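Notes follow the structure.
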Amino acid sequence: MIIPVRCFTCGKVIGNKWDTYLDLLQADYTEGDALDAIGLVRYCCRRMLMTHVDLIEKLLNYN
Amino acid sequence: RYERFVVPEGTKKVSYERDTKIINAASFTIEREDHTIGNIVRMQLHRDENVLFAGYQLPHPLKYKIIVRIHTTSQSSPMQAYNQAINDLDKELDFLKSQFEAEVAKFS
Amino acid sequence: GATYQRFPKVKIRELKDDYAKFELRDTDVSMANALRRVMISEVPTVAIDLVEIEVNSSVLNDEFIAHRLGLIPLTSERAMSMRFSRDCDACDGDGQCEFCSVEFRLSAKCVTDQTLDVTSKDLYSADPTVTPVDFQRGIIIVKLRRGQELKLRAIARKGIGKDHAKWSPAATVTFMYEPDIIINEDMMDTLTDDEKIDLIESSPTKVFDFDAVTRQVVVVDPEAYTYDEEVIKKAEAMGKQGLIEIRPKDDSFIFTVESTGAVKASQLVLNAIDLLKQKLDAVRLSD
Amino acid sequence: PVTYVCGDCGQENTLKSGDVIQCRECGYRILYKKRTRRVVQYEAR
Amino acid sequence: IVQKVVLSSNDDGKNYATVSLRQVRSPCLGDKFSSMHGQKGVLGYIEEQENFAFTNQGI
Ligand SMILES: [Zn+2]
Ligand SMILES: [Zn+2]
Ligand SMILES: [Zn+2]
C-alpha cells in the first residue's frame, strides 16, 4: 500500500523518499537519474523505488 | 517468549571435558555462542606453538552452541593454551580500541 | 609467560556522521569478520516493541501499522547503559520506566477535505533523550481523508539485531580484501596499442588506463577491482599468459560502515569492540 | 450498548431483538456492527 | 481477530450473519514458492543475515 520504511535486503531507510522521487519524475527525469540524485547506490535499494505500486490512493476513494 | 537468546539454563557457560583416547587433548563446550567467538579463538590458537590441533564445530547449525577441541604438546596443556588465547585476544582488542580512538580524535 | 599477540593498525580515510571508511591491517580475517558480524547483529539499539491502539479508522489494519512503527529508527545513545526488559526488576513493563522502557504517544484526525499525512514527526515521547531520528517531511505512517482517526500509545525497549532486524544499527557494514596487482612489463611491450585497448576494455571497472603520453598502460586506483577474472581470462584468451597477476594482499582490509543514524558511525565500531571484549571475558576458565 | 450501522446511509440502529434485519431511513437490509472503545495490544514485530 | 460482523436479510424472510477473522503470516518452513518459469519448491531453511555470503557492497 505505502512505501516500506526500509529496503528489504540491506535495511536502508527509504520511507521518506517517495514524494521526492515523484517530484523528480514530474520534472522530466529518467528513473535512473531520479534515483542517482536521491542517493541510492545499491541496486537492491533502487529496485524498491522502481517497482513500488502505490495502492493507498485507490484505497482512499473506495470505502 | 523471545527470551532464550543469550541466557543459558542452570548449566555452566563453559564445560571442560578431557578425553581418554589421546593425551593432552580436550574439548570445551560453550553455550550461547556461534561462529563469532569460535572462529577467532580457533585462529588465535593456531598462532600458538604448543598447539597441534585446534578446531571448532557447531553440533547442529540450528543450535546456539559450539564445541572447541584442542590438542597440545607436553610443554603446555589445553587449559593454558585456551586461557593464553583469550588473554591475547583481549590485549589485541585493547590495542585496536586505542588506535581507533586516536584516529577518530584526529579526524574531527 | 608466552605472548602470541597481534597489533592491528587503523587508518581512517573519510569520517562523518552515519558514514565511516577506514583501512585496517596486521590482523586476521577472522577478527574483521567478528567485527562485521557483531556490528550487524550484536550492538543494541532502542526500537518500538509494544503498540496499544485505541482508535484506528484508517484503511490500514493494525498489524500493518505496528510493523511500520517497529522499523522507525530512534535515537539510541542510552542503549549500552540501560538494561533488557527480561532483567529489570524495578517495574512490570507496561509503562514508562527508566533503564528499561520509553513511552510514546500519537494522535491524529483529519478535518480538512485534503488528505492528511501522518508522519514520524507526530510521535511524542515521554523521555526527551529517545526521539525519532532527524533526516524532509518524516517517514510516512498512514494517510487519512476526513473523519478518520489514529490514536495509540507505544512502548520502546532495548534489543539486538539477532532477535529482530528492527534493532540492527547497520543498513550495511562490509569489508573487502586489498589487492596486489603485478603487470609484467617485459611482456607488456609485446602488445600493440590497439591490443592494449582491447585488453583494458575487458575490465568492468576503472582499474587500468592507457597513457598515450608514453604509449603505455598504468594501474590507477587499484581498489576498484572486484576480483572477477575478466582481464585474466582475456589475457589467457590472447595466449599471452602471465601478463597480469592479482593476489589478495593478506592481513589488509577496507571497512565501510553506514548506520541508520540511531548511533554514530564511530560509536558503532567502539561498541562492537566493547561487546566483543565483554564476551571474551565471560567465556574464560576459572581453574 | 451494541448498536449497528446501515451500510447504505449510515444511520445508527439499535437492535436488541430478532424481528428483522432492516434499516429505518432507507429500507435496505444490510447492517454492520459498530466498533466500540477498547484497547488492543500488539507486538511491533 | 474479528474484522467485521455483517447482518443481512432476504426478501422471503431469512436472516444471515457473517463474521470475518484476520490473520497475518510470514513464511514458515514448508510454504510453497515458484518463479515465473515453472520452478516451484518449498522453503527448507531460514538463515540469519550475517551467515549469508556477501558481495563487496554488502548485498
Ligand atoms: Zn538495500
Ligand atoms: Zn523497569
Ligand atoms: Zn439505511
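Going through the C-alpha cells in order, the chains are called A, B, and so on, while each chain numbers its residues from 1 and the ligands are numbered from 1 in the order shown.
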- request: Pick out the residues no farther than 10 Å from ligand 2, counting only C-alpha atoms and all ligand atoms, and list them as a list in words.
  value: residues 82, 83, 84, 85, 86, 87, 88, 89, 90, 91, 92, 93, 94, 95, 96, 97, 98, 99, 100, 101 and 102 of chain C
Open item on the list: To check your reading of the model: which residues sit at most 12 Å from ligand 3 when counting only C-alpha atoms and all ligand atoms? Write the answer as a VMD selection string.
Closed with: chain D and resid 4 to 13 21 to 32
Spatial neighbours of residue 83 in chain B, 9 Å, only C-alpha atoms, chain gap at least 4 places, as an NGL selection string:
(:B and (78-79 or 87-88)) or (:C and (284-285))
Can you write just those residues out, N, CA, C and O atoms, as a PDB file, in the first residue's frame?
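What follows is the written file out10.pdb:
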ATOM      1  N   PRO B  78      45.998 -28.142  27.506  1.00  0.00           N
ATOM      2  CA  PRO B  78      44.881 -27.473  26.809  1.00  0.00           C
ATOM      3  C   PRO B  78      44.315 -26.252  27.515  1.00  0.00           C
ATOM      4  O   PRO B  78      43.966 -25.270  26.844  1.00  0.00           O
ATOM      5  N   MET B  79      44.248 -26.265  28.848  1.00  0.00           N
ATOM      6  CA  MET B  79      43.636 -25.152  29.562  1.00  0.00           C
ATOM      7  C   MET B  79      44.515 -23.913  29.522  1.00  0.00           C
ATOM      8  O   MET B  79      44.007 -22.790  29.401  1.00  0.00           O
ATOM      9  N   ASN B  87      43.423 -14.281  26.618  1.00  0.00           N
ATOM     10  CA  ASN B  87      44.109 -13.084  27.104  1.00  0.00           C
ATOM     11  C   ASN B  87      44.777 -12.314  25.971  1.00  0.00           C
ATOM     12  O   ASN B  87      44.762 -11.071  25.964  1.00  0.00           O
ATOM     13  N   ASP B  88      45.354 -13.034  25.000  1.00  0.00           N
ATOM     14  CA  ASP B  88      45.936 -12.376  23.838  1.00  0.00           C
ATOM     15  C   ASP B  88      44.877 -11.666  23.010  1.00  0.00           C
ATOM     16  O   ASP B  88      45.127 -10.582  22.469  1.00  0.00           O
TER      17      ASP B  88
ATOM     18  N   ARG C 284      35.894 -17.159  29.847  1.00  0.00           N
ATOM     19  CA  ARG C 284      37.168 -17.626  30.464  1.00  0.00           C
ATOM     20  C   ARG C 284      37.035 -18.917  31.270  1.00  0.00           C
ATOM     21  O   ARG C 284      35.903 -19.326  31.599  1.00  0.00           O
ATOM     22  N   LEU C 285      38.199 -19.498  31.579  1.00  0.00           N
ATOM     23  CA  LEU C 285      38.297 -20.647  32.514  1.00  0.00           C
ATOM     24  C   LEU C 285      38.799 -20.155  33.874  1.00  0.00           C
ATOM     25  O   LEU C 285      39.756 -19.357  33.895  1.00  0.00           O
TER      26      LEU C 285
END
Note to self: Please return as a ChimeraX atom specification the residues found within 6 Å of ligand 1, counting only C-alpha atoms and all ligand atoms.
What the structure shows: /A:7,9-12,44-45
DSSP-assigned alpha helix (DSSP H) members of chain A, reported as a list in words
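Everything in chain A that counts as alpha helix (DSSP H) is residues 18, 19, 20, 21, 22, 23, 24, 25, 26, 31, 32, 33, 34, 35, 36, 43, 44, 45, 46, 47, 48, 49, 50, 56, 57, 58, 59, 60 and 61 of chain A.
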Give as an MDAnalysis selection string every residue of chain E that touches chain B within 12 Å, counting only C-alpha atoms. chainID E and resid 45:48 50:51
Expressed in Å, the length from CA of residue 38 in chain D to CA of residue 62 in chain A is 26.6 Å
Checklist entry - Which residues, written as a PyMOL selection string, have at least one atom at most 12 Å from range 90-105 of chain B, with only C-alpha atoms counted and residues fewer than 5 positions away on the same chain left out? => result (chain B and resi 40-41+44+83-85) or (chain C and resi 3-17+20-28+31-32+34-35+264-284)
Can you tell me, as a ChimeraX atom specification, what residues are no more than 7 Å from residue 71 in chain B when counting only C-alpha atoms, ignoring any on the same chain fewer than 6 positions away? /B:24-26,51-54,78
Select from chain C every residue with an atom at most 8 Å from any atom of chain A, then for each give the shortest pair of atoms and their distance in Å to one decimal, using only C-alpha atoms, rows by chain and rising number, as JSON lines.
{"residue": "C:59", "atom": "CA", "partner": "A:59", "partner_atom": "CA", "distance": 6.9}
{"residue": "C:68", "atom": "CA", "partner": "A:5", "partner_atom": "CA", "distance": 6.8}
{"residue": "C:71", "atom": "CA", "partner": "A:5", "partner_atom": "CA", "distance": 6.7}
{"residue": "C:72", "atom": "CA", "partner": "A:5", "partner_atom": "CA", "distance": 7.2}
{"residue": "C:136", "atom": "CA", "partner": "A:16", "partner_atom": "CA", "distance": 7.1}
{"residue": "C:137", "atom": "CA", "partner": "A:16", "partner_atom": "CA", "distance": 7.0}
{"residue": "C:138", "atom": "CA", "partner": "A:16", "partner_atom": "CA", "distance": 5.7}
{"residue": "C:139", "atom": "CA", "partner": "A:16", "partner_atom": "CA", "distance": 4.6}
{"residue": "C:140", "atom": "CA", "partner": "A:15", "partner_atom": "CA", "distance": 6.5}
{"residue": "C:142", "atom": "CA", "partner": "A:2", "partner_atom": "CA", "distance": 7.9}
{"residue": "C:144", "atom": "CA", "partner": "A:60", "partner_atom": "CA", "distance": 7.9}
{"residue": "C:145", "atom": "CA", "partner": "A:60", "partner_atom": "CA", "distance": 7.0}
{"residue": "C:170", "atom": "CA", "partner": "A:11", "partner_atom": "CA", "distance": 7.6}
{"residue": "C:171", "atom": "CA", "partner": "A:11", "partner_atom": "CA", "distance": 4.7}
{"residue": "C:172", "atom": "CA", "partner": "A:10", "partner_atom": "CA", "distance": 5.9}
{"residue": "C:260", "atom": "CA", "partner": "A:12", "partner_atom": "CA", "distance": 6.8}
Identify, on the basis of only C-alpha atoms, every residue whose closest approach to residue 21 in chain E does not exceed 12 Å; exclude the query and any residue fewer than 6 positions from it along the same chain; express the result as a list in words.
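With the cut-off at 12 Å, the set is residues 1, 2, 3, 4 and 5 of chain E.
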Restricting the output to N, CA and C atoms, write the selected residues as a compact mmCIF listing (two decimals), in the first residue's frame.
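part23.txt written:
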# COMPACT_ATOMS: atom_id res chain seq x y z
N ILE E 1 -8.46 -12.32 14.57
CA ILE E 1 -9.05 -11.14 15.18
C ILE E 1 -10.26 -10.74 14.35
N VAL E 2 -11.35 -10.39 15.03
CA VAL E 2 -12.60 -10.07 14.36
C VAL E 2 -12.45 -8.76 13.60
N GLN E 3 -12.66 -8.81 12.29
CA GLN E 3 -12.56 -7.64 11.43
C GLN E 3 -13.91 -6.95 11.25
N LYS E 4 -14.95 -7.70 10.90
CA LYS E 4 -16.28 -7.14 10.80
C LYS E 4 -17.32 -8.21 11.08
N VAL E 5 -18.53 -7.76 11.41
CA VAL E 5 -19.69 -8.64 11.54
C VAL E 5 -20.82 -8.01 10.74
The residue from C:2, C:254, C:218, C:196 with the smallest atom-to-atom distance to residue 75 in chain B, counting only C-alpha atoms, is C:2
Worksheet item: Between CA of residue 222 in chain C and CA of residue 205 in chain C, what is the spacing in Å?
Response: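 A separation of 10.3 Å between them.
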Self-check item: Spatial neighbours of range 28-32 of chain E, 8 Å, only C-alpha atoms, chain gap at least 6 places, as a PyMOL selection string
Solution: chain E and resi 40-46
* **Nearest to residue 74 in chain B, chosen from B:11, B:57, B:108, B:50, with only C-alpha atoms counted in the distances** =>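 For residue 74 in chain B, the nearest of the given residues is B:50.
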Closest pair table for chain C residues within 10 Å of chain E, only C-alpha atoms, as CSV:
residue,atom,partner,partner_atom,distance
C:33,CA,E:50,CA,9.6
C:36,CA,E:50,CA,8.3
C:37,CA,E:50,CA,5.8
C:38,CA,E:50,CA,8.9
C:39,CA,E:50,CA,9.8
C:40,CA,E:50,CA,7.0
C:41,CA,E:50,CA,7.3
C:61,CA,E:3,CA,9.1
C:63,CA,E:24,CA,7.5
C:64,CA,E:24,CA,9.2
C:161,CA,E:49,CA,9.6
C:162,CA,E:48,CA,7.9
C:165,CA,E:49,CA,9.2
C:171,CA,E:58,CA,9.4
C:172,CA,E:58,CA,5.9
C:173,CA,E:58,CA,6.5
C:174,CA,E:58,CA,5.3
C:175,CA,E:56,CA,6.8
C:176,CA,E:56,CA,6.0
C:177,CA,E:56,CA,9.1
C:225,CA,E:56,CA,10.0
C:226,CA,E:56,CA,7.4
C:227,CA,E:56,CA,9.7
C:256,CA,E:57,CA,8.7
May I have the selected residues written with N, CA and C atoms, as an mmCIF file, in the first residue's frame?
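Below is the file that was written, again.cif:
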data_model
loop_
_atom_site.group_PDB
_atom_site.id
_atom_site.type_symbol
_atom_site.label_atom_id
_atom_site.label_comp_id
_atom_site.auth_asym_id
_atom_site.auth_seq_id
_atom_site.Cartn_x
_atom_site.Cartn_y
_atom_site.Cartn_z
ATOM 1 N N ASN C 33 35.936 -10.270 10.373
ATOM 2 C CA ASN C 33 34.617 -10.866 10.273
ATOM 3 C C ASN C 33 33.878 -10.839 11.599
ATOM 4 N N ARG C 36 32.488 -7.306 11.863
ATOM 5 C CA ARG C 36 31.351 -7.147 10.958
ATOM 6 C C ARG C 36 30.098 -7.829 11.495
ATOM 7 N N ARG C 37 30.235 -9.076 11.955
ATOM 8 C CA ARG C 37 29.094 -9.824 12.468
ATOM 9 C C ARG C 37 28.523 -9.197 13.728
ATOM 10 N N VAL C 38 29.377 -8.636 14.586
ATOM 11 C CA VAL C 38 28.891 -8.033 15.822
ATOM 12 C C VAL C 38 28.210 -6.701 15.539
ATOM 13 N N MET C 39 28.775 -5.897 14.630
ATOM 14 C CA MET C 39 28.148 -4.638 14.237
ATOM 15 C C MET C 39 26.795 -4.845 13.571
ATOM 16 N N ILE C 40 26.615 -5.941 12.838
ATOM 17 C CA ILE C 40 25.303 -6.199 12.255
ATOM 18 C C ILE C 40 24.337 -6.754 13.295
ATOM 19 N N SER C 41 24.771 -7.701 14.129
ATOM 20 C CA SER C 41 23.819 -8.474 14.915
ATOM 21 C C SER C 41 23.937 -8.370 16.433
ATOM 22 N N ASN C 61 -4.848 -1.853 8.462
ATOM 23 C CA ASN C 61 -5.115 -2.640 9.649
ATOM 24 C C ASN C 61 -3.982 -2.474 10.653
ATOM 25 N N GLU C 63 -1.864 -4.551 12.350
ATOM 26 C CA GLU C 63 -0.561 -5.194 12.236
ATOM 27 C C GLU C 63 0.329 -4.488 11.227
ATOM 28 N N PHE C 64 -0.268 -3.925 10.174
ATOM 29 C CA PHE C 64 0.460 -3.080 9.236
ATOM 30 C C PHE C 64 1.053 -1.867 9.938
ATOM 31 N N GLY C 161 19.917 -7.042 16.984
ATOM 32 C CA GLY C 161 19.535 -7.443 15.642
ATOM 33 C C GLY C 161 19.412 -8.934 15.427
ATOM 34 N N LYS C 162 20.002 -9.746 16.297
ATOM 35 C CA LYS C 162 19.823 -11.190 16.254
ATOM 36 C C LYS C 162 18.403 -11.602 16.609
ATOM 37 N N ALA C 165 15.254 -7.702 13.067
ATOM 38 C CA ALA C 165 16.059 -6.792 12.267
ATOM 39 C C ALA C 165 15.727 -5.322 12.501
ATOM 40 N N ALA C 171 22.716 -0.309 8.263
ATOM 41 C CA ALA C 171 21.999 -0.501 6.982
ATOM 42 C C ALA C 171 22.888 -1.347 6.069
ATOM 43 N N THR C 172 24.195 -1.393 6.361
ATOM 44 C CA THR C 172 25.146 -2.199 5.548
ATOM 45 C C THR C 172 26.579 -2.022 6.060
ATOM 46 N N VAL C 173 27.183 -3.075 6.621
ATOM 47 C CA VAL C 173 28.583 -2.993 7.014
ATOM 48 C C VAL C 173 29.282 -4.098 6.244
ATOM 49 N N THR C 174 30.398 -3.769 5.604
ATOM 50 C CA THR C 174 31.104 -4.727 4.776
ATOM 51 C C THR C 174 32.585 -4.395 4.771
ATOM 52 N N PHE C 175 33.393 -5.360 4.348
ATOM 53 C CA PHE C 175 34.809 -5.132 4.107
ATOM 54 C C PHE C 175 35.171 -5.775 2.776
ATOM 55 N N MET C 176 36.408 -5.568 2.348
ATOM 56 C CA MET C 176 36.916 -6.203 1.144
ATOM 57 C C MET C 176 38.416 -6.376 1.294
ATOM 58 N N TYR C 177 38.944 -7.397 0.637
ATOM 59 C CA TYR C 177 40.375 -7.631 0.657
ATOM 60 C C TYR C 177 41.075 -6.564 -0.164
ATOM 61 N N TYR C 225 39.004 -2.837 -8.153
ATOM 62 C CA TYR C 225 38.986 -4.220 -8.578
ATOM 63 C C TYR C 225 37.959 -5.009 -7.778
ATOM 64 N N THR C 226 37.255 -5.907 -8.461
ATOM 65 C CA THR C 226 36.173 -6.657 -7.839
ATOM 66 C C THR C 226 36.408 -8.158 -7.864
ATOM 67 N N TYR C 227 37.620 -8.595 -8.220
ATOM 68 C CA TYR C 227 38.080 -9.986 -8.157
ATOM 69 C C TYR C 227 37.288 -10.915 -9.064
ATOM 70 N N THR C 256 33.755 -0.365 5.395
ATOM 71 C CA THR C 256 32.774 0.681 5.134
ATOM 72 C C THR C 256 31.603 0.478 6.082
#
inquiry  = as a PyMOL selection string, please: every residue in range 40-275 of chain C that a backbone DSSP assignment puts in strand (DSSP E).
reply    = chain C and resi 45-56+102-109+116-119+124-125+140-144+149-159+170-183+208-211+216-219+244-259
Pull the closest atom pair for each residue of chain E that gets at most 6 Å from chain D, along with the distance in Å to one decimal, counting only C-alpha atoms, ordering rows by chain and then ascending residue number, as CSV.
residue,atom,partner,partner_atom,distance
E:5,CA,D:33,CA,5.6
E:6,CA,D:32,CA,4.9
E:7,CA,D:31,CA,5.3
E:8,CA,D:30,CA,4.8
E:9,CA,D:21,CA,5.4
Write the selection just made, keeping C-alpha atoms, as a PDB file, in the first residue's frame?
ATOM      1  CA  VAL E   5     -19.689  -8.639  11.538  1.00  0.00           C
ATOM      2  CA  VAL E   6     -22.368  -8.242   8.848  1.00  0.00           C
ATOM      3  CA  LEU E   7     -26.101  -8.869   9.332  1.00  0.00           C
ATOM      4  CA  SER E   8     -28.253  -9.310   6.222  1.00  0.00           C
ATOM      5  CA  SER E   9     -31.784 -10.381   5.425  1.00  0.00           C
TER       6      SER E   9
END
* Distance in Å - CA of residue 66 in chain C versus CA of residue 109 in chain C ->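 Going from CA of residue 66 in chain C over to CA of residue 109 in chain C, I get 18.1 Å.
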